[PDB]
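Chemist: After the structure tokens below, expect a handful of questions from me.
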Amino acid sequence: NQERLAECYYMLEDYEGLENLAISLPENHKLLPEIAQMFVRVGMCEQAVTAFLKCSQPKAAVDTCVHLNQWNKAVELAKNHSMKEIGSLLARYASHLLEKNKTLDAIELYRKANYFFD
Amino acid sequence: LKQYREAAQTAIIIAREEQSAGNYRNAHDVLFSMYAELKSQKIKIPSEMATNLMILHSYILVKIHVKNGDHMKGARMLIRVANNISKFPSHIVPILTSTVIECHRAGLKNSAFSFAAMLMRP
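Chains as they are written, first to last, in the deposited numbering: chain A, 828 to 945; chain C, 1099 to 1220.
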């Protein structure tokens, strides 16, 4: 059983078990998106991204990187899977941060996102 | 010795060992001969011996029904085998594969999907 086993792992907070279940499933499955949502809720960006890419849903795999503020992975996946819509995301996020006078945070994101010039 | 509670158990053990080793034809032959020896004396044959003989004979008939191209009969027999595939340890992977193919030919595609999903266990 897969659908209930993922729920048991989640309620037990055995996220290693969830990761093992997600990597033991076939390439596509009705359960992998749910596992990735669970990972996103708990905050495991890497496992959620791998699960979504297994589902073949790169759009969500980058939306979670944006949501979890892992901009390096977001830009890398945009370069790979050809979205290229995250440049504006970074630009306006850093603009908002500067509006809050948190220039250091803007520098930190620009370093994370490899926008080293900015 | 006419202690027929132990003759059936010995027959089951021998047939199961030969089945596990991978010689299903020899296991079926020996189990059938032993079953006929027990039957010839008008003795109540235990249900375990009959079940083992039925499973072995179903697997034996798989080859015959596939041989003549009758995909429905062979597919039904392969479903019966796959439901007990643990009784065929040394050929768990091959037989199951055949089942899917047969279940694809006979139109039992739901069974094919279920068996292939069971194949994709790690």
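Just so it is clear, CB atoms sit at the ideal spot from N, CA and C, and this is done for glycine as well.
#1: Run through the stretch 1108-1144 of chain C for me and flag every whole alpha helix (DSSP H) of 4 or more residues, listed as ranges in chain order.
#2: Can you check which of these residues, C/1166, C/1138, C/1198 and C/1193, is closest to residue 1122 of chain C by C-alpha distance?
#3: Report the residue from A/845, A/854, A/915 and A/933 whose alpha carbon sits nearest the alpha carbon of residue 863 of chain A.
#4: Among the residues of its own chain, which have a CB less than 6 Å from the CB of residue 1170 of chain C, if the five just before and after it don't count?
#5: Between A/866, A/893 and A/881, which lies nearest to residue 838 of chain A when the distance is taken from Cα to Cα?
#6: Can the beta-carbon of residue 880 of chain A be found less than 8 Å from the beta-carbon of residue 898 of chain A?
#7: If you draw a straight line from the alpha carbon of residue 1128 of chain C to that of residue 1195 of chain C, how long is it in whole angstroms?
#8: Grab me the residues of residue 911 of chain A's own chain with a C-beta within less than 8 Å of its C-beta, minus the 5 sequence neighbours each way, in chain order.
#9: Measuring straight from C-alpha to C-alpha, what distance separates residue 1115 of chain C and residue 1102 of chain C?
#10: Which value, in whole angstroms, describes the spacing of the CA atoms of residue 1210 of chain C and residue 1219 of chain C?
#11: Please look up how many angstroms separate the CB atoms of residue 1150 of chain C and residue 1110 of chain C, rounded, as I've assumed it's under 8 Å.
#12: Drop a sphere of 10 angstroms on the beta-carbon of residue 1146 of chain C, count the other beta-carbons inside from all chains shown, and report buried for 16 or more, exposed for fewer.
#13: Rounded to the nearest angstrom, what separates residue 914 of chain A and residue 902 of chain A at their Cα positions?
#14: With a threshold of 7 Å on Cβ separation, who are the neighbours of residue 933 of chain A within its own chain once the five nearest residues in sequence on each side are excluded?
#15: Can you check the stretch 855-933 of chain A for any alpha helix (DSSP H) of at least 4 residues that lies completely inside it and give the ranges in chain order?
#16: For residue 831 of chain A, does the three-state DSSP call read helix, strand or coil?
#17: Taking only the alpha-carbon atoms, compute the straight-line gap between residue 930 of chain A and residue 940 of chain A and give it to the nearest angstrom.
#18: Less than 8 Å between C-beta atoms, sequence neighbours within five positions excluded: which residues of the same chain meet that for residue 1188 of chain C?
Modeler: The structure says:
#1: 1122-1137
#2: C/1193
#3: A/845
#4: 1204
#5: A/866
#6: no
#7: 27 Å
#8: 905
#9: 20 Å
#10: 15 Å
#11: 6 Å
#12: exposed
#13: 8 Å
#14: 921, 924 and 925
#15: 859-869, 872-882, 885-894, 898-908 and 913-926
#16: helix
#17: 15 Å
#18: 1118, 1119 and 1120
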